[PDB]
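K.L.:
Structure file final-v3.csv, CSV, C-alpha atoms, is pasted below:
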chain,number,residue,atom,x,y,z
A,1,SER,CA,78.7,34.4,95.2
A,2,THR,CA,80.0,34.5,98.8
A,3,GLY,CA,82.6,32.8,100.9
A,4,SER,CA,83.0,32.2,104.6
A,5,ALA,CA,86.1,30.9,106.4
A,6,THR,CA,87.1,30.5,110.0
A,7,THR,CA,90.2,32.3,111.2
A,8,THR,CA,92.2,30.9,114.1
A,9,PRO,CA,94.8,32.5,116.4
A,10,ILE,CA,98.2,31.0,115.9
A,11,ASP,CA,99.1,31.0,119.6
A,12,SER,CA,97.7,31.7,123.1
A,13,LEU,CA,98.4,35.5,122.7
A,14,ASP,CA,96.5,36.1,119.4
A,15,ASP,CA,99.9,37.1,117.8
A,16,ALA,CA,98.3,36.5,114.4
A,17,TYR,CA,95.4,34.6,112.8
A,18,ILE,CA,95.5,31.9,110.1
A,19,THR,CA,92.8,31.1,107.6
A,20,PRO,CA,92.8,28.0,105.4
A,21,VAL,CA,93.1,28.7,101.7
A,22,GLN,CA,92.8,26.2,98.8
A,23,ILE,CA,95.3,26.7,96.0
A,24,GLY,CA,95.5,24.7,92.8
A,25,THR,CA,94.1,21.5,91.3
A,26,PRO,CA,93.8,19.2,93.2
A,27,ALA,CA,93.6,21.6,96.1
A,28,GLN,CA,96.6,22.3,98.2
A,29,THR,CA,95.4,23.8,101.5
A,30,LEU,CA,97.7,26.4,103.1
A,31,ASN,CA,97.1,28.4,106.3
A,32,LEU,CA,97.5,32.1,105.3
A,33,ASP,CA,97.7,35.3,107.3
A,34,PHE,CA,94.9,37.5,105.9
A,35,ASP,CA,96.5,41.0,105.9
A,36,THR,CA,94.4,44.1,105.2
A,37,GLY,CA,97.6,46.1,105.4
A,38,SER,CA,99.3,44.6,102.3
A,39,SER,CA,98.3,43.4,98.8
A,40,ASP,CA,100.4,40.4,97.9
A,41,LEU,CA,99.2,36.8,98.2
A,42,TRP,CA,102.5,34.9,98.7
A,43,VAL,CA,103.2,31.4,99.9
A,44,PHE,CA,105.9,29.1,101.1
A,45,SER,CA,106.6,26.8,98.2
A,46,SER,CA,108.7,24.1,96.6
A,47,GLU,CA,110.9,26.9,95.4
A,48,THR,CA,111.6,28.3,98.8
A,49,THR,CA,115.3,28.0,99.9
A,50,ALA,CA,115.2,24.7,101.8
A,51,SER,CA,117.1,26.1,104.9
A,52,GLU,CA,114.4,28.8,105.2
A,53,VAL,CA,111.5,26.3,105.5
A,54,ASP,CA,110.9,24.9,109.0
A,55,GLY,CA,107.5,23.2,109.4
A,56,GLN,CA,105.4,25.3,107.0
A,57,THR,CA,103.1,23.7,104.5
A,58,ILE,CA,104.3,24.4,100.9
A,59,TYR,CA,102.6,25.1,97.6
A,60,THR,CA,104.1,22.9,94.8
A,61,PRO,CA,102.9,24.4,91.5
A,62,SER,CA,104.2,21.4,89.5
A,63,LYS,CA,101.5,19.3,91.2
A,64,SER,CA,98.7,21.7,90.2
A,65,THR,CA,97.2,21.1,86.8
A,66,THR,CA,95.8,24.7,86.8
A,67,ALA,CA,99.1,26.5,87.7
A,68,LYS,CA,100.8,28.6,85.1
A,69,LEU,CA,104.1,30.5,85.4
A,70,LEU,CA,103.5,34.2,85.0
A,71,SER,CA,106.5,34.6,82.7
A,72,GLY,CA,109.0,37.3,83.8
A,73,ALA,CA,107.1,38.3,86.9
A,74,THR,CA,108.9,38.7,90.3
A,75,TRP,CA,107.9,40.1,93.6
A,76,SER,CA,109.7,41.4,96.7
A,77,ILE,CA,108.1,42.9,99.8
A,78,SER,CA,109.2,44.3,103.1
A,79,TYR,CA,106.8,44.7,106.1
A,80,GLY,CA,106.6,47.2,108.9
A,81,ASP,CA,108.1,44.7,111.3
A,82,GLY,CA,111.3,44.4,109.2
A,83,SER,CA,110.4,41.0,107.8
A,84,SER,CA,110.6,40.4,104.0
A,85,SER,CA,110.1,37.8,101.3
A,86,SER,CA,110.5,37.6,97.5
A,87,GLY,CA,110.2,35.2,94.6
A,88,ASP,CA,108.4,34.5,91.3
A,89,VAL,CA,104.7,34.2,90.3
A,90,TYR,CA,102.2,31.7,89.2
A,91,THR,CA,98.5,32.1,88.4
A,92,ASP,CA,96.3,29.4,89.8
A,93,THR,CA,92.8,28.7,91.2
A,94,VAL,CA,92.4,30.0,94.7
A,95,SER,CA,89.4,29.4,97.0
A,96,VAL,CA,88.5,30.8,100.4
A,97,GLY,CA,85.6,29.5,102.3
A,98,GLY,CA,83.8,28.3,99.2
A,99,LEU,CA,84.5,31.4,97.1
A,100,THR,CA,86.7,30.6,94.0
A,101,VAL,CA,88.9,32.9,91.9
A,102,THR,CA,90.5,31.6,88.8
A,103,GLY,CA,93.7,33.1,87.5
A,104,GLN,CA,94.8,34.5,90.9
A,105,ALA,CA,98.4,35.6,91.2
A,106,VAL,CA,100.0,33.3,93.7
A,107,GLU,CA,103.4,34.7,94.6
A,108,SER,CA,105.9,31.8,95.2
A,109,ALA,CA,108.6,32.6,97.8
A,110,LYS,CA,112.2,31.8,96.8
A,111,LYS,CA,113.4,33.6,99.9
A,112,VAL,CA,111.8,34.5,103.2
A,113,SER,CA,113.3,36.3,106.2
A,114,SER,CA,114.0,34.7,109.5
A,115,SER,CA,110.8,35.7,111.3
A,116,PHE,CA,108.8,33.8,108.6
A,117,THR,CA,111.0,30.7,108.8
A,118,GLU,CA,110.7,30.8,112.6
A,119,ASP,CA,106.9,30.8,112.6
A,120,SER,CA,105.9,27.3,111.5
A,121,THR,CA,102.1,28.1,111.7
A,122,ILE,CA,102.0,30.7,108.9
A,123,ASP,CA,102.3,29.3,105.3
A,124,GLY,CA,102.1,32.7,103.7
A,125,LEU,CA,100.1,35.9,103.5
A,126,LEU,CA,96.8,36.9,101.7
A,127,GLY,CA,96.8,40.6,101.1
A,128,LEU,CA,93.5,42.5,101.4
A,129,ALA,CA,94.7,46.2,101.1
A,130,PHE,CA,94.3,48.0,97.7
A,131,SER,CA,95.9,46.4,94.7
A,132,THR,CA,98.0,49.6,94.1
A,133,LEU,CA,100.4,48.3,96.8
A,134,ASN,CA,100.9,44.9,95.1
A,135,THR,CA,104.7,44.4,94.5
A,136,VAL,CA,104.6,42.2,91.4
A,137,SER,CA,106.8,43.5,88.6
A,138,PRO,CA,106.7,44.4,85.7
A,139,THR,CA,102.9,43.8,85.7
A,140,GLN,CA,101.2,44.6,89.0
A,141,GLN,CA,98.6,42.0,90.1
A,142,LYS,CA,95.2,42.2,91.8
A,143,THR,CA,94.3,41.0,95.2
A,144,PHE,CA,92.0,38.0,95.8
A,145,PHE,CA,89.2,40.5,96.9
A,146,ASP,CA,89.8,42.7,93.8
A,147,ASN,CA,89.5,39.6,91.5
A,148,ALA,CA,86.4,38.3,93.3
A,149,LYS,CA,84.6,41.6,93.8
A,150,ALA,CA,82.5,41.6,90.6
A,151,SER,CA,81.2,38.1,91.3
A,152,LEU,CA,80.3,38.8,95.0
A,153,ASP,CA,76.7,39.4,96.0
A,154,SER,CA,77.9,42.7,97.6
A,155,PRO,CA,81.4,44.1,97.1
A,156,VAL,CA,82.5,43.7,100.7
A,157,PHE,CA,84.4,41.5,103.1
A,158,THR,CA,84.2,41.4,106.9
A,159,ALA,CA,86.7,40.6,109.6
A,160,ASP,CA,85.3,39.2,112.9
A,161,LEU,CA,88.4,38.3,114.9
A,162,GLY,CA,88.1,36.4,118.1
A,163,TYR,CA,89.8,37.1,121.5
A,164,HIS,CA,91.6,33.9,122.4
A,165,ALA,CA,89.2,32.1,120.1
A,166,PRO,CA,88.4,31.5,116.4
A,167,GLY,CA,86.6,34.1,114.3
A,168,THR,CA,85.4,34.5,110.7
A,169,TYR,CA,86.3,36.2,107.4
A,170,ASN,CA,83.2,36.6,105.1
A,171,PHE,CA,83.2,37.7,101.5
A,172,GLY,CA,80.3,39.1,99.7
A,173,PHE,CA,77.7,39.5,102.5
A,174,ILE,CA,77.2,41.0,106.0
A,175,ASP,CA,76.2,38.4,108.6
A,176,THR,CA,73.6,40.4,110.6
A,177,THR,CA,73.8,37.9,113.4
A,178,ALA,CA,77.5,38.5,114.0
A,179,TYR,CA,77.2,41.9,115.7
A,180,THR,CA,75.1,43.9,118.1
A,181,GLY,CA,73.5,47.2,117.5
A,182,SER,CA,74.2,49.0,114.2
A,183,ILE,CA,77.2,49.2,112.0
A,184,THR,CA,78.7,52.8,111.8
A,185,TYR,CA,80.4,53.5,108.5
A,186,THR,CA,83.2,56.0,108.2
A,187,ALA,CA,85.2,57.4,105.2
A,188,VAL,CA,88.3,55.8,103.8
A,189,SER,CA,91.3,57.3,102.0
A,190,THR,CA,92.9,55.0,99.5
A,191,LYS,CA,95.7,57.4,98.7
A,192,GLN,CA,98.4,55.3,100.5
A,193,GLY,CA,96.9,52.0,99.4
A,194,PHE,CA,95.5,51.2,102.9
A,195,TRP,CA,92.1,51.1,104.6
A,196,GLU,CA,92.9,54.4,106.1
A,197,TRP,CA,90.3,56.2,108.2
A,198,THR,CA,90.0,58.8,111.0
A,199,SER,CA,88.9,57.8,114.5
A,200,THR,CA,87.0,60.5,116.4
A,201,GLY,CA,88.8,60.1,119.7
A,202,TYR,CA,89.4,57.8,122.7
A,203,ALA,CA,88.7,57.1,126.3
A,204,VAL,CA,90.8,55.2,128.9
A,205,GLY,CA,88.8,53.0,131.3
A,206,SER,CA,85.8,54.8,132.7
A,207,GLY,CA,87.4,58.2,131.9
A,208,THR,CA,85.8,60.9,129.8
A,209,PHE,CA,85.9,60.7,126.0
A,210,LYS,CA,88.5,62.9,124.3
A,211,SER,CA,87.3,64.1,121.0
A,212,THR,CA,90.3,64.2,118.6
A,213,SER,CA,91.0,63.1,115.1
A,214,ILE,CA,93.3,60.0,114.8
A,215,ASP,CA,94.1,59.0,111.3
A,216,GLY,CA,95.2,55.4,111.0
A,217,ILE,CA,94.8,52.1,109.1
A,218,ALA,CA,92.6,49.0,109.7
A,219,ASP,CA,95.3,46.3,109.6
A,220,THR,CA,94.5,42.7,110.4
A,221,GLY,CA,98.1,41.8,109.7
A,222,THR,CA,99.5,43.9,112.7
A,223,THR,CA,99.1,42.4,116.1
A,224,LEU,CA,98.9,45.5,118.3
A,225,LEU,CA,97.3,48.9,118.5
A,226,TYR,CA,99.8,51.7,117.6
A,227,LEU,CA,98.6,55.2,118.4
A,228,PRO,CA,100.2,58.7,119.0
A,229,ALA,CA,102.5,58.9,122.0
A,230,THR,CA,100.2,61.3,123.8
A,231,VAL,CA,97.3,58.8,123.6
A,232,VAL,CA,99.5,55.9,124.7
A,233,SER,CA,101.0,57.8,127.6
A,234,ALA,CA,97.5,58.7,128.8
A,235,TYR,CA,96.6,55.0,128.7
A,236,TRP,CA,99.6,53.6,130.5
A,237,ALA,CA,99.6,56.3,133.1
A,238,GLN,CA,96.5,54.5,134.5
A,239,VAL,CA,98.4,51.3,135.2
A,240,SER,CA,100.6,51.3,138.3
A,241,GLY,CA,104.2,50.5,137.5
A,242,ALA,CA,103.8,50.7,133.7
A,243,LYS,CA,106.7,52.3,131.8
A,244,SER,CA,108.2,52.6,128.4
A,245,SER,CA,111.3,50.4,128.1
A,246,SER,CA,113.8,51.1,125.4
A,247,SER,CA,115.5,47.8,126.0
A,248,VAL,CA,112.3,45.8,125.6
A,249,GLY,CA,110.9,48.0,122.8
A,250,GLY,CA,107.8,49.5,124.2
A,251,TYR,CA,105.5,49.8,127.2
A,252,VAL,CA,105.7,47.1,129.7
A,253,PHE,CA,103.6,46.7,132.9
A,254,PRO,CA,103.5,44.5,136.0
A,255,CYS,CA,101.9,41.1,135.1
A,256,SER,CA,100.0,41.5,138.4
A,257,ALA,CA,98.0,44.5,137.0
A,258,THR,CA,94.4,44.6,136.0
A,259,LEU,CA,94.4,46.7,132.8
A,260,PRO,CA,91.7,49.3,132.0
A,261,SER,CA,89.7,49.2,128.8
A,262,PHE,CA,90.4,51.5,125.9
A,263,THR,CA,87.6,53.0,123.8
A,264,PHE,CA,88.0,54.4,120.3
A,265,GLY,CA,85.5,56.5,118.4
A,266,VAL,CA,84.0,55.6,115.0
A,267,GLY,CA,81.9,58.7,114.1
A,268,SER,CA,79.5,59.1,117.0
A,269,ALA,CA,79.8,55.4,118.0
A,270,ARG,CA,82.3,53.8,120.4
A,271,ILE,CA,84.2,50.5,120.3
A,272,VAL,CA,85.4,49.3,123.7
A,273,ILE,CA,88.6,47.2,123.9
A,274,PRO,CA,88.5,45.2,127.2
A,275,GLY,CA,91.6,45.5,129.3
A,276,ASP,CA,92.4,41.8,129.0
A,277,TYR,CA,92.8,42.3,125.2
A,278,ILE,CA,95.8,44.6,125.9
A,279,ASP,CA,97.8,42.0,127.8
A,280,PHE,CA,100.5,40.3,125.7
A,281,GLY,CA,102.0,38.3,128.5
A,282,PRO,CA,105.5,38.1,129.9
A,283,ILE,CA,108.3,39.7,127.9
A,284,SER,CA,110.3,36.5,128.3
A,285,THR,CA,109.4,33.2,129.8
A,286,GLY,CA,108.8,33.4,133.5
A,287,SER,CA,109.2,37.2,133.7
A,288,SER,CA,106.8,39.3,135.8
A,289,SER,CA,107.1,42.1,133.3
A,290,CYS,CA,104.3,41.9,130.7
A,291,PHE,CA,104.2,43.5,127.2
A,292,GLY,CA,101.5,46.0,126.5
A,293,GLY,CA,99.1,45.7,123.5
A,294,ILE,CA,98.8,49.5,123.0
A,295,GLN,CA,102.1,51.0,121.8
A,296,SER,CA,103.3,54.3,120.4
A,297,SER,CA,103.3,54.8,116.6
A,298,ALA,CA,106.0,57.5,116.9
A,299,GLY,CA,108.7,56.5,114.3
A,300,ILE,CA,106.3,54.2,112.4
A,301,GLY,CA,104.8,57.2,110.5
A,302,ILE,CA,101.2,56.0,110.7
A,303,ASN,CA,98.8,54.9,113.3
A,304,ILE,CA,97.7,51.3,113.1
A,305,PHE,CA,94.4,49.8,114.3
A,306,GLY,CA,95.7,46.2,114.4
A,307,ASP,CA,94.2,43.1,115.9
A,308,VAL,CA,94.0,44.4,119.4
A,309,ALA,CA,91.5,47.0,118.2
A,310,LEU,CA,89.8,45.1,115.3
A,311,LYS,CA,89.0,42.0,117.4
A,312,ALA,CA,86.8,44.2,119.7
A,313,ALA,CA,84.5,44.9,116.6
A,314,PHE,CA,82.8,43.4,113.6
A,315,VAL,CA,84.5,45.2,110.8
A,316,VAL,CA,83.2,45.8,107.3
A,317,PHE,CA,85.7,46.4,104.5
A,318,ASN,CA,83.3,48.0,101.9
A,319,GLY,CA,84.9,47.9,98.4
A,320,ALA,CA,82.2,49.8,96.7
A,321,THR,CA,83.2,52.4,94.1
A,322,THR,CA,83.9,54.8,97.0
A,323,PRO,CA,85.3,52.4,99.7
A,324,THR,CA,84.3,52.9,103.3
A,325,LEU,CA,84.8,51.0,106.6
A,326,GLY,CA,82.1,49.9,109.0
A,327,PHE,CA,82.5,49.0,112.7
A,328,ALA,CA,79.9,47.4,115.0
A,329,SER,CA,80.2,46.2,118.6
A,330,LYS,CA,79.7,42.4,119.1
Just give me the structure as structure tokens.
P.N.:
Amino acid sequence: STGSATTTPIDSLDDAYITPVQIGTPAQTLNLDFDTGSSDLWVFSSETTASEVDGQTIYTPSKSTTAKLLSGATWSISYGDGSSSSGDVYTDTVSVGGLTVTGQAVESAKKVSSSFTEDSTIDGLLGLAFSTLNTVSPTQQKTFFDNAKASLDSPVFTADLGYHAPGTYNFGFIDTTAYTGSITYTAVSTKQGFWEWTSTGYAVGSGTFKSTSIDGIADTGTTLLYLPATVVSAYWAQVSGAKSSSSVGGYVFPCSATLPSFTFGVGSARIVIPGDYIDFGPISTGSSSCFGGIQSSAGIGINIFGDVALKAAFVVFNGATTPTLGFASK
């Protein structure tokens, strides 16, 4: 089997991407944030504290003839941005882009933190990291990809995120028309539960490539590119007036600037992030200070190849017995 679904930016900045997911019988379609940095499929639901729902579409398990309470199971998750959610668990039929999994754990939120309530466009998350990070207790549950894998034509999914435009998540096949050149594959460590790999270096603009190993994670659920402070300083030093602002929470730059590109290495190959992808707009409405899309990972404890980086590539998440990642230009 295969599946193919379009993913759409939630706003004009590509702050996140939503993909429609069918849950239950008859189908209830929710728009979920596909997150290769976590491993829980959780949704706003009829059980979510009413004051914490503000415009999201909810899953109502009582209206699904295939929903079954997973007795005794609870979940609770905290994300790197400080947001969190928790609740109980049903199993139900879940389909993405024509690919169906029966008996998928659907984690129903009883509580969500303010940032989730405040984002009316995201109805939940669909985790695509390794199932060892799944938070369901006392019986850990499998991700949608893990449940579908054996049925797929090939045990892979691909992320093709757009810049200010829709893109695609495919399951079970590699669309050879979706990228240019060849796909370069690179080793993955699953020891922390992430799609963790090592970039071979970077360049700023037209500058020379610096060969240096940068361990980090491919994380579709993180908006920005978080890299070591040395790398980030070298980037922003090329932008007149850019500075790190403790009060804003990262590097800012004059909105009048033209930003240089940023290149990262994948083996001997190179992925080029255009400068425009690094502009996240005014820090507050009407400000001429703009927020940068490359930020320091110092204090986060891991480097994160988030959407800013991934949207510049066609990315293969290869879930073969020994997982690997593939990157191609597009």
K.L.:
Per residue of segment 16-100 of chain A within 10 Å of segment 187-198 of chain A, note the shortest atom pair and the distance in Å to one decimal, counting only C-alpha atoms, and order the rows by chain and increasing residue number, as a tab-separated table.
P.N.:
residue	atom	partner	partner_atom	distance
A:36	CA	A:195	CA	7.4
A:37	CA	A:194	CA	6.1
A:38	CA	A:194	CA	7.6
A:39	CA	A:193	CA	8.7
K.L.:
Suppose you want the space between atom CA of residue 247 of chain A and atom CA of residue 117 of chain A; what is it in Å?
P.N.:
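Interatomic distance, atom CA of residue 247 of chain A to atom CA of residue 117 of chain A: 24.7 Å.
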K.L.:
Kindly extract all protein, DNA and RNA residues lying within 10 Å of the coordinates (88.7, 26.5, 105.3) given in the file, considering all atoms listed in the file, and supply them as an NGL selection string.
P.N.:
:A and (3-7 or 18-22 or 29-31 or 95-98)
K.L.:
Neighbouring residues of segment 141-150 of chain A were defined as those with any atom within 9 Å, considering only C-alpha atoms; residues of the same chain fewer than 3 positions away were excluded. Please report them as JSON, numbers by chain.
P.N.:
{"A": [1, 39, 40, 41, 94, 99, 100, 101, 102, 103, 104, 105, 126, 127, 128, 129, 130, 131, 132, 134, 135, 136, 137, 153, 154, 155, 156, 157, 171, 172, 319]}
K.L.:
Find, counting only C-alpha atoms, the residue in A:228, A:80, A:201, A:9 that gets nearest to residue 298 of chain A.
P.N.:
A:228
K.L.:
At a cut-off of 12 Å around the point (113.4, 55.2, 115.6) (file coordinates), what residues fall inside when counting all atoms listed in the file? I'd like the answer as number ranges by chain.
P.N.:
A: 246, 249-250, 296-301
K.L.:
Which is closest to residue 288 of chain A among A:326, A:138, A:254, A:82, if we use all atoms listed in the file?
P.N.:
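When distances to residue 288 of chain A are compared using all atoms listed in the file, the smallest one comes from A:254.
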K.L.:
Find the residues near segment 234-243 of chain A: any atom within 8 Å, counting only C-alpha atoms, skip ones fewer than 6 places away on the same chain, and give them as a CSV table (one decimal) with C-alpha atoms, in the frame of the given file.
P.N.:
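Produced file out.csv, reproduced below:
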chain,number,residue,atom,x,y,z
A,204,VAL,CA,90.8,55.2,128.9
A,251,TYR,CA,105.5,49.8,127.2
A,252,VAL,CA,105.7,47.1,129.7
A,253,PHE,CA,103.6,46.7,132.9
A,254,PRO,CA,103.5,44.5,136.0
A,257,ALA,CA,98.0,44.5,137.0
A,258,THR,CA,94.4,44.6,136.0
A,259,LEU,CA,94.4,46.7,132.8
A,260,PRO,CA,91.7,49.3,132.0
A,262,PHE,CA,90.4,51.5,125.9
K.L.:
For residue 46 of chain A, which residue among A:27, A:294, A:109, A:10 is the nearest when counting only C-alpha atoms?
P.N.:
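Smallest distance to residue 46 of chain A is found for A:109.
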K.L.:
What separation in Å, quoted to one decimal, exists between atom CA of residue 222 of chain A and atom CA of residue 307 of chain A?
P.N.:
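Between these atoms lies a distance of 6.2 Å.
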K.L.:
Please, what distance in Å, to one decimal, runs between atom CA of residue 25 of chain A and atom CA of residue 61 of chain A?
P.N.:
9.3 Å
K.L.:
Would you mind writing segment 146-160 of chain A with N, CA, C and O atoms, as an mmCIF file, in the frame of the given file?
P.N.:
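The resulting file, out-v6.cif, is shown below:
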data_model
loop_
_atom_site.group_PDB
_atom_site.id
_atom_site.type_symbol
_atom_site.label_atom_id
_atom_site.label_comp_id
_atom_site.auth_asym_id
_atom_site.auth_seq_id
_atom_site.Cartn_x
_atom_site.Cartn_y
_atom_site.Cartn_z
ATOM 1 N N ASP A 146 89.966 41.896 95.045
ATOM 2 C CA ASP A 146 89.800 42.700 93.800
ATOM 3 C C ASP A 146 89.318 41.744 92.687
ATOM 4 O O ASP A 146 88.411 42.091 91.923
ATOM 5 N N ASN A 147 89.915 40.551 92.580
ATOM 6 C CA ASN A 147 89.500 39.600 91.500
ATOM 7 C C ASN A 147 88.114 39.053 91.766
ATOM 8 O O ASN A 147 87.380 38.798 90.801
ATOM 9 N N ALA A 148 87.712 38.870 93.022
ATOM 10 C CA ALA A 148 86.400 38.300 93.300
ATOM 11 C C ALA A 148 85.264 39.263 93.297
ATOM 12 O O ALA A 148 84.106 38.848 93.154
ATOM 13 N N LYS A 149 85.577 40.554 93.405
ATOM 14 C CA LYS A 149 84.600 41.600 93.800
ATOM 15 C C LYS A 149 83.372 41.542 92.869
ATOM 16 O O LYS A 149 82.230 41.544 93.346
ATOM 17 N N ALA A 150 83.596 41.527 91.558
ATOM 18 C CA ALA A 150 82.500 41.600 90.600
ATOM 19 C C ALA A 150 81.518 40.478 90.745
ATOM 20 O O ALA A 150 80.332 40.631 90.423
ATOM 21 N N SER A 151 81.999 39.319 91.196
ATOM 22 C CA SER A 151 81.200 38.100 91.300
ATOM 23 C C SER A 151 80.426 38.076 92.645
ATOM 24 O O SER A 151 79.450 37.334 92.764
ATOM 25 N N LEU A 152 80.861 38.849 93.631
ATOM 26 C CA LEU A 152 80.300 38.800 95.000
ATOM 27 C C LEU A 152 78.868 39.372 94.967
ATOM 28 O O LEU A 152 78.532 40.277 94.195
ATOM 29 N N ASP A 153 78.041 38.858 95.875
ATOM 30 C CA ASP A 153 76.700 39.400 96.000
ATOM 31 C C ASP A 153 76.724 40.873 96.352
ATOM 32 O O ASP A 153 75.877 41.649 95.890
ATOM 33 N N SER A 154 77.689 41.276 97.175
ATOM 34 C CA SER A 154 77.900 42.700 97.600
ATOM 35 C C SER A 154 79.408 42.820 97.640
ATOM 36 O O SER A 154 80.111 41.884 98.054
ATOM 37 N N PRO A 155 79.945 43.985 97.245
ATOM 38 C CA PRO A 155 81.400 44.100 97.100
ATOM 39 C C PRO A 155 82.108 44.447 98.420
ATOM 40 O O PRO A 155 82.729 45.506 98.598
ATOM 41 N N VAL A 156 82.036 43.496 99.352
ATOM 42 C CA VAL A 156 82.500 43.700 100.700
ATOM 43 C C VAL A 156 83.163 42.422 101.221
ATOM 44 O O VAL A 156 82.907 41.317 100.744
ATOM 45 N N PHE A 157 84.019 42.595 102.219
ATOM 46 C CA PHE A 157 84.400 41.500 103.100
ATOM 47 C C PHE A 157 84.376 41.981 104.523
ATOM 48 O O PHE A 157 84.419 43.185 104.783
ATOM 49 N N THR A 158 84.246 41.040 105.456
ATOM 50 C CA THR A 158 84.200 41.400 106.900
ATOM 51 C C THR A 158 85.183 40.590 107.663
ATOM 52 O O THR A 158 85.472 39.431 107.357
ATOM 53 N N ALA A 159 85.741 41.238 108.683
ATOM 54 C CA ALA A 159 86.700 40.600 109.600
ATOM 55 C C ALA A 159 85.993 40.580 110.994
ATOM 56 O O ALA A 159 85.598 41.613 111.546
ATOM 57 N N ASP A 160 85.908 39.377 111.563
ATOM 58 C CA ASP A 160 85.300 39.200 112.900
ATOM 59 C C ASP A 160 86.324 38.317 113.662
ATOM 60 O O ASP A 160 86.205 37.091 113.756
#
